[PDB]
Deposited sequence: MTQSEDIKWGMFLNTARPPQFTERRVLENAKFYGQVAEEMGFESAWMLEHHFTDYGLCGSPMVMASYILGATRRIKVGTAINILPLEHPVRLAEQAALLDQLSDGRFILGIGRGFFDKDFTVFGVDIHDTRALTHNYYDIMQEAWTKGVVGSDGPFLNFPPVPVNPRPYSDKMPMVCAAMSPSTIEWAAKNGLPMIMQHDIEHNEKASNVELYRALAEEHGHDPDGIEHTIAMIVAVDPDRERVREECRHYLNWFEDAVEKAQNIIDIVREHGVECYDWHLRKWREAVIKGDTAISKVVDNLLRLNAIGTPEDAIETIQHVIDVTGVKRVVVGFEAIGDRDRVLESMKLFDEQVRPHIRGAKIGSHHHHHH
């Protein structure tokens, strides 16, 4: 009945913050996470928008690991198609060595068309790409030498240095779909699950995973899945709800824009910004409900519910939605003192 507690270092940039502030804040929360006995801190990858300024989780993670001693640092996630597998293999294995095995490489397919256009990748291959790039990296780590004649890359056998410090490279997998869930289950690969998914959908995902493991001759109980959550905690549920709502309204618009960025840079007002929609509003109310946003007891109920139905071992939390540093720290304090003590695990 002990949850490993994660902490997102967001590099989202609302209009009312500077790049410096957001990045300094991220660095600072990384140190708060160390001080306050978090299991882990977690990095994101994003390109070309203020949805997130960090486009290299490997570099950011490598920094935070340098700047810390105890805490584990993971990526959520590394978009594998965009990277040569042998490059990321070298990267992860070096950081595993440097970090004395405090690093968790997270992997996913990615879902932004801008990303694949710019780096020159075919967005229809991304499934096969990701599986192949995983296979390649895995062999580099486990065997110490890899080549490819496979469908995407041709290159001869070479050794890839260094070898991991860890027996097995610690990893997670973003997996939203059944075919990925099977693949991960097959490859002994823990899931990390986004925060916008319905709780019973998360329950089903884990059950599906547990089934496919057993079917592919693996112990499901020996894998520890991870969940993302927004936590924003305040005595006055109405106060914190409206703070997060402001943030989340921007967040969902920024998401819309990211899927549109290339067209906007080729273009660049009155009747655009006028034409309330309530489509975003629908999503934001959803997010509030799914996530741990309100009083201590609200958060306890919501967090503990998602543990019960899922049985996840780790919860990676993001505090940023409440605003700037004062408000985040107040939130974090409440959480650490009035919420976290009272959470237990599913077994």
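According to the record, which stretches of the deposited sequence lack C-alpha coordinates?
Residues missing from the model, as numbered along the full deposited sequence, span 1-4, 273-281, 289-290, 363-371.
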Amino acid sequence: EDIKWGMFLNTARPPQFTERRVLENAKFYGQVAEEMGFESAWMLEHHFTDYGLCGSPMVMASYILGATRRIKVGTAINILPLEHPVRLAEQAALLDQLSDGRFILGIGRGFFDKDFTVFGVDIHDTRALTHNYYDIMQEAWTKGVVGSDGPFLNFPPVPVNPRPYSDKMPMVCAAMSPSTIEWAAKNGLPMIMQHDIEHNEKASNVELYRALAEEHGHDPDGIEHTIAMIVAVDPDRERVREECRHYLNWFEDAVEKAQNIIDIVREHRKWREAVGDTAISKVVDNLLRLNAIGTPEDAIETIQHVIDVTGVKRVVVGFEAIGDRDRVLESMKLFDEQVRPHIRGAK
From here on, numbers count along this sequence of modelled residues.
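*Higher-scoring stretch by recorded Cα B factor average, 221-229 or 121-129*: Mean C-alpha B-factor is greater for 121-129.
Highest mean C-alpha temperature factor of the two stretches 98-106 and 241-249, which is it? The recorded data point to 241-249.
- Item | Member of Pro170, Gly150, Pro190, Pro85 with the greatest C-alpha B factor (per the PDB record) | In this record, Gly150 carries the highest C-alpha B-factor of the candidates.
Quiz item: Which one of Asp277, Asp135, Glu207, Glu90 shows the biggest C-alpha B-factor in the PDB entry?
Solution: If I rank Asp277, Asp135, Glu207, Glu90 by C-alpha B-factor, first place goes to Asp277.
Ranking the modelled residues of this chain by C-alpha B-factor as given in the entry, is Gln194 in the lowest, middle or highest third?
Within its chain, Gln194 is a highest-third residue by C-alpha B-factor, going by the deposited values.
- prompt: In terms of the chain's CA B-factor thirds, is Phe48 lowest, middle or highest?
  reply: For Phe48, the deposited C-alpha B-factor lands in the middle third.
Chain thirds of CA B-factor: placement of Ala184: For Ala184, whose C-alpha B-factor we compare with every modelled residue in the chain, the answer is the lowest third.
Where does the C-alpha B-factor of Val158 rank in its chain, lowest, middle or highest third?
Tercile = middle for this residue's CA B-factor.
Q. Lowest, middle or highest third: where is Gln16 by C-alpha B factor in its chain?
A. As the PDB entry reports it, the C-alpha B-factor of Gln16 lands in the middle third of its chain.
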